[PDB]
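Read the structure below first, then the notes.
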Amino acid sequence: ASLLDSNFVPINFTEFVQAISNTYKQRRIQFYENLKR
Amino acid sequence: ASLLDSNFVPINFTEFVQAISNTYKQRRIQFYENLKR
Amino acid sequence: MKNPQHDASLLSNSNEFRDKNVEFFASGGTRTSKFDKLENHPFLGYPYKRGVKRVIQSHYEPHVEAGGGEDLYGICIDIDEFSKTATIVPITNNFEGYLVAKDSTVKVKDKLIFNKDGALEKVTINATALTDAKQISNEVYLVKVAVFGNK
Amino acid sequence: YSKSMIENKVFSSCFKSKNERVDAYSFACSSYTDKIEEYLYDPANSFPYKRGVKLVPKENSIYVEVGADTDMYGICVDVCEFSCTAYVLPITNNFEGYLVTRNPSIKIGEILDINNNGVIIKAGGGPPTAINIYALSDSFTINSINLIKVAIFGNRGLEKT
Amino acid sequence: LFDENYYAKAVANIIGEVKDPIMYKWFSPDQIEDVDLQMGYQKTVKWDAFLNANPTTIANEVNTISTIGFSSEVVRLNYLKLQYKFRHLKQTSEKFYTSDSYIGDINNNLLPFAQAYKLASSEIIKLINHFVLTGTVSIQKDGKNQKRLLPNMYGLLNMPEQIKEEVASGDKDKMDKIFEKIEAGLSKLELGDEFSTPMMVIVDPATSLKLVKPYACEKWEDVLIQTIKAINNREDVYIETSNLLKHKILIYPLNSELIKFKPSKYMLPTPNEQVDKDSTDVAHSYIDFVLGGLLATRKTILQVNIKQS
Amino acid sequence: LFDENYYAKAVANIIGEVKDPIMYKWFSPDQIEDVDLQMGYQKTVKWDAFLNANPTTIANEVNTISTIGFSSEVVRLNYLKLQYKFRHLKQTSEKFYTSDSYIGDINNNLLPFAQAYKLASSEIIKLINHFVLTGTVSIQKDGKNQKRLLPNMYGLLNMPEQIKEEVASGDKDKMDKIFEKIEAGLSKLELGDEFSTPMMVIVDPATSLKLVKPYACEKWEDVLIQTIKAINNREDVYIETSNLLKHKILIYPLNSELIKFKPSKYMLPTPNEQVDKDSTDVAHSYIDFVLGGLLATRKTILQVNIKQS
Amino acid sequence: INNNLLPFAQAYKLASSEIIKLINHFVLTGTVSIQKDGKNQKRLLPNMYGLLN
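Quick note, the sequences are listed as chains Dq, Dn, Cu, Cj, Ag, Ad and Ae, same order. Per the deposited numbering: the first sequence ends with 223, consecutive numbering throughout. Per the deposited numbering: the second sequence ends with 223, consecutive numbering throughout. The deposited numbering puts the third sequence at residues 22 to 78, 87 to 152, 160 to 187. The deposited numbering puts the fourth sequence at residues 65 to 69, 72 to 79, 83 to 212, 231 to 248. The deposited numbering puts the fifth sequence at residues 3 to 218, 227 to 319. The deposited numbering puts the sixth sequence at residues 3 to 218, 227 to 319. Per the deposited numbering: the seventh sequence ends with 160, consecutive numbering throughout.
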């Protein structure tokens, strides 16, 4: 359940919060993937 | 015969030990391949 | 040595099943229990079938050597030459088997003490002789004893 | 005191010398066919962990209390504080492991004796020793409790000096 | 849900425009691991093994074998829930304030919900970054009026049981004296078996200006990097500059086996369900975030303070 | 088998979580070749050829042709088997100790078999790494109570018939004296026709600090690498730092024709079939490993020892 | 008979019956003992009581 997925449709506020946390986690993973030092 | 294979089903303990020895060997080969000094 | 490996040219006739076990190569004990405690230790010299004492000092771990008296620690019942290790039965465990006797004076019903060389000599007491001393070769005497501790 | 002994704000910092812990496994070298017995111990008199204990038959149960070498039944190797149960290796069995000592300066190979508190001390104190105890390592202090690796193998025939 | 909650729909649409936190640059990817908690404490157990004696030679028959022991250690971590409130325009009132290519009352500083949420989230994320680096919560440049926090809630700068070095105010401008303290602090570091790991350096702008000065044709920065490389098995050494620090130098390894970050998975800003409504066009909304989750071993962070007086 | 032996099942599932030994970084991939032997000795035969005289010119008729001879050399390597025992919970008892987010008795220091095996294997591998580098087995920081080993069982540091250099305790802090000894040792090195090969350098952490010092805008490390590049046909030169060494420097080539590692294919930790069981919830297990198998030619390793007293 | 050895089935049944009697005694009385005198009681944990104690 991620907001990045267009097909995702939350049912209630609780699922909405879960989607937000998953979205933040994936962005952090993507950030480290794209990071160069 | 290695523990990496999902299709590998050991029959007795001797085969199990041989699989572990192979698994250690394959990991060593993999380690040197990914090693960049 | 426990097993002197020498090549032969003829086979030795061995058919009689009596008087075949009293030999210097027969390691272990005559009667052994599954719950007997065994410890392997590094050794010096050749303490095979003798009383062993633990000697403590590049620093190395303690080893064992032939000995007895107040320093008696156990009995060496088997030896491995390649690994230079000796299997030892601790003195807190009773043992029944053939051990090295100092001379032929030891007879049945004789109470025996481990001397400074790990050999059994007549009279604290440690073992009770079961049979008479038998000369395996030269000055090597083997006696069957029932080790029970120290008095 | 206790063995486990606590929340920490931060974690505590090679493989060498990591066994110097009060709650370490007592047997340096274990062996199947070692006999281990369970007994009760006094929860307010003396903590018997890693000490020489004696059997005290009370009016309700047989307890184990810290004792001297003269009347020693065995060595207490572990304690379950939830049930206040002490686990004892009888003196008839060999032992090679870490025990509580009161002398912070003991060398290797020295002859040792257990005192009235079930504590390893030097055998030169004067009491005639009745057990074969030898120091396999120098005494080390955990900050404070002093421990030492010892080998115990049976009783001594004639009491020494 | 999106058919009924306009605000939830607006957040989901504009969640991607929020920039990533800069604290991610201070940790390796493996050092961060989320946990499921909002407020309270959580206990972490670390297990270890040790050798009790020399290994036992297997020859002939033997029953006495050397043993391997185990140990455990427990660390407690505290988590705190914090909240903010902001005002915005009601959804049905946006049509009456849609001006030429911009929405909102310039005179009254009112914004639509979507823009208000994005700006508010950015400010909060900056605050979270300040706490992780410093361990304190403050909205002043002085760093005073700090909000009182629970124990077991520390940043990289105030983590206890670490190597703290202090430079006297008389040598505030002597790079040789400052570097001397760094070398002493570096020696006292205890990386154990994990010394082969990349290292991270965090400095304040004043310190960075001093570093680029020539070494008394080499620079103090180069000397510092070489010195760190001497202990981390010649691995990568990263240097970062932050304006949140003041005359402080932070050095710590980027290894998950020594320093681990365990934030709550709700740490970043999250909208609250409650929305305040009345007869006017102005509404109110709430944003939630959670602080805490830093874990580190003893004597693995070097904190150098250059006293100014 | 996995339907009957839970422990065999558990080992296979968690065998991949054990990190690789760090000793692999000290050898080239071609230098390691496994053998099939648990305990004993193995004789390795190396063949060679030589030219008896100048070649024969083929012209007109001739029967007397120059000959090419052969030679052999036999080397014996000893392998030792060692074992360890550890206690763990029983499979049928784990359900009663499965706490929240962890399993095991914190009070009793008991772990499930899977976790126990992983921790036990890690410690054994650390011991194996120490032996290969040093040649000695000990569990104390002082390096005493060493387990006596068989002959023909050498590590890199204690291999005989190599170049050994000693630095006097009075010169323990003079890098110029230390580098002078290194050059003398490098001169005595004899690589013959195999000089075109990468070289490996291992130093203790104390020496590593000294290496980054300015040369007496150049570093002692830079001078060392250039000096080694002179003799090895300017191949790659690697520098490694190990906490297992103390005031020692090891330099040796990574050429499989000079130094070869022939460990047993059972050298790494391997579970044993025997599991001790009783009426209680505590069980015991055994882990096996094999030591030995290092072979090197004469005068191909430089061992520098800096005396402290 | 001469050595008081039974098949496992009968041995288990008798032993279980004996233990069940002991369990019944503990629930009603709160103490565990094998003596008619009631002494030599096994020490129990706190917050472990019977109907009588």
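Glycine included, C-beta positions come from ideal geometry on N, C-alpha and C.
Taking only beta-carbon atoms, is residue 168/Cj less than 8 angstroms away from chain Ae?
Not an interface residue.
Limits of the beta strand (DSSP E) - the one that residue 119/Cu falls within
114 to 119 is the extent of the beta strand (DSSP E) around residue 119/Cu.
C-beta contact flag for residue 244/Ad and residue 89/Cu at 8 angstroms
In this structure, residue 89/Cu does not lie closer than 8 angstroms to residue 244/Ad by Cβ.
Could you say if the region 266 to 286 of chain Ag and the region 118 to 126 of chain Ag meet the contact criterion of at least three C-beta pairs nearer than 8 angstroms?
Cβ pair count under 8 angstroms is three or more, so yes.
Mind the definition here: the region 307 to 315 of chain Ag touches the region 157 to 166 of chain Ag only if three or more C-beta pairs lie below 8 angstroms; say whether that holds.
Segments in contact, yes.
Listed by chain order, chain Ag residues near residue 58/Cu by CB distance under 9 angstroms:
Chain Ag residues near residue 58/Cu: 65, 66.
Does the beta carbon of residue 222/Dn come closer than 8 angstroms to any beta carbon on chain Ad?
For residue 222/Dn, no CB of chain Ad lies under 8 angstroms from its own CB, so it is not counted at the interface with that chain.
Neighbour flag for residue 103/Ae against chain Cj, beta carbons, 8 angstroms
Given a span of 108 to 160 for chain Ae in the structure shown, any question on residue 103/Ae remains unanswerable.
Residue 197/Cj, DSSP secondary structure in three states
Correct three-state label for residue 197/Cj: coil.
Assign residue 133/Ag to one of three DSSP states: helix, strand, or coil.
Residue 133/Ag: helix per DSSP, three-state reduction.
Quick one: any contact between the region 147 to 158 of chain Cj and the region 112 to 127 of chain Cj, if contact means 3 or more CB pairs under 8 angstroms?
The region 147 to 158 of chain Cj is in contact with the region 112 to 127 of chain Cj.
Taking C-beta pairs closer than 8 angstroms, name the residues in chain Ad that residue 92/Cj reaches, listed in chain order.
The answer, in chain order, is 111.
Cβ-Cβ distance between residue 162/Cu and residue 183/Cu below 8 angstroms:
With contacts defined as CB atoms closer than 8 angstroms, residue 162/Cu and residue 183/Cu qualify as a contacting pair.
Please list the terminal residues of the continuous alpha helix (DSSP H) segment that includes residue 217/Dq.
Judged by DSSP secondary structure, residue 217/Dq falls within the alpha helix (DSSP H) whose first and last residues are 199 to 220.
Interface partners of residue 89/Cu on chain Ad, CB under 9 angstroms:
Here the neighbours are 146, 147, 148, 149, 150.
Rounded separation between residue 78/Ag and residue 265/Ad - CA only
The C-alpha of residue 265/Ad is placed about 51 angstroms away from the C-alpha of residue 78/Ag.
Give a yes or no on whether the minimum CB-CB distance between residue 69/Ag and chain Cu is below 8 angstroms.
Judged by the 8 angstroms Cβ criterion, residue 69/Ag is not in contact with chain Cu.
Flag residue 102/Cu as yes if its beta-carbon sits less than 8 angstroms from any beta-carbon of chain Cj, otherwise no.
Yes, residue 102/Cu lies at the interface with chain Cj (some Cβ there is under 8 angstroms from its Cβ).
Please tell me whether residue 161/Cj has its Cβ less than 8 angstroms away from any Cβ of chain Ag.
With 8 angstroms as the cut-off, residue 161/Cj does not count as an interface residue toward chain Ag.
When the Cα atoms are used, what is the spatial distance from residue 104/Cu to residue 178/Cu?
Within the model, the alpha-carbon separation for residue 104/Cu versus residue 178/Cu is close to 14 angstroms.
At which residue ranges does the region 120 to 193 of chain Ad contain complete beta strand (DSSP E) runs of 3 or more residues, listed in the order of the chain?
The region 120 to 193 of chain Ad contains, as complete beta strand (DSSP E) runs of 3+ residues, the segments 165 to 169 (chain order).
Taking beta-carbon pairs under 7 angstroms, can you tell me which members of the region 119 to 136 of chain Ad lie near chain Cj?
Listed by position along the chain: 125, 128, 129.
Report yes or no: is there a C-beta of chain Ad within less than 8 angstroms of the C-beta of residue 113/Cu?
Chain Ad, which has a Cβ nearer than 8 angstroms to the Cβ of residue 113/Cu, makes this yes.
For residue 186/Cu and chain Cj, any beta-carbon pair shorter than 8 angstroms?
For residue 186/Cu, the answer is yes, since a Cβ of chain Cj falls inside 8 angstroms of its Cβ.
Does DSSP put residue 229/Ad in a helix, in a strand, or in coil?
Residue 229/Ad: strand per DSSP, three-state reduction.
Nearest to residue 33/Ag (by Cα), restricted to the options 299/Ag, 267/Ag, 74/Ag
When the alpha-carbon of residue 33/Ag is set against those of 299/Ag, 267/Ag, 74/Ag, the nearest one is in 267/Ag.
Considering residue 234/Cj, what are the terminal residues of the beta strand (DSSP E) in which it resides?
Looking at the DSSP string, the run of the beta strand (DSSP E) that includes residue 234/Cj is 232 to 242.
Strictly under 8 angstroms for the Cβ-Cβ distance: is residue 119/Cu near chain Cj by that measure?
Yes, because at least one Cβ of chain Cj sits closer than 8 angstroms to the Cβ of residue 119/Cu.
According to DSSP, is residue 19/Ag helix, strand or coil?
Three-state DSSP puts residue 19/Ag in a helix.
At a Cβ threshold of 8 angstroms, is residue 116/Cu touching chain Ag?
Yes, because at least one Cβ of chain Ag sits closer than 8 angstroms to the Cβ of residue 116/Cu.
Within its chain, find whatever has a CB closer than 8 angstroms to the CB of residue 231/Ad; leave out the 5 residues flanking it on each side and keep chain order.
The residues are 213, 214, 249.
Check residue 255/Cj in the structure and name its three-state DSSP category.
This structure leaves residue 255/Cj out entirely; chain Cj is present only between 65 and 248.
Run through chain Cj and tell me which residues come within less than 7 angstroms of residue 195/Ag, C-beta to C-beta.
From the beta-carbon of residue 195/Ag, the residues of chain Cj found nearer than 7 angstroms are 83.
Taking only runs of the beta strand (DSSP E) that begin and end inside the region 121 to 183 of chain Cj, which ones reach a length of at least 3 residues, in chain order?
Within the region 121 to 183 of chain Cj, the complete beta strand (DSSP E) segments at least 3 residues long are 131 to 135, 143 to 149, 154 to 159, 164 to 170, 181 to 183, listed from N- to C-terminus.
Starting from the Cα of residue 84/Cj, find the closest Cα among 257/Ad, 5/Ad, 90/Ad, 126/Ad and give me that residue.
For the residues 257/Ad, 5/Ad, 90/Ad, 126/Ad, the minimum Cα distance to residue 84/Cj belongs to 126/Ad.
Simplified DSSP state of residue 59/Ad, which is helix, strand or coil
Correct three-state label for residue 59/Ad: coil.
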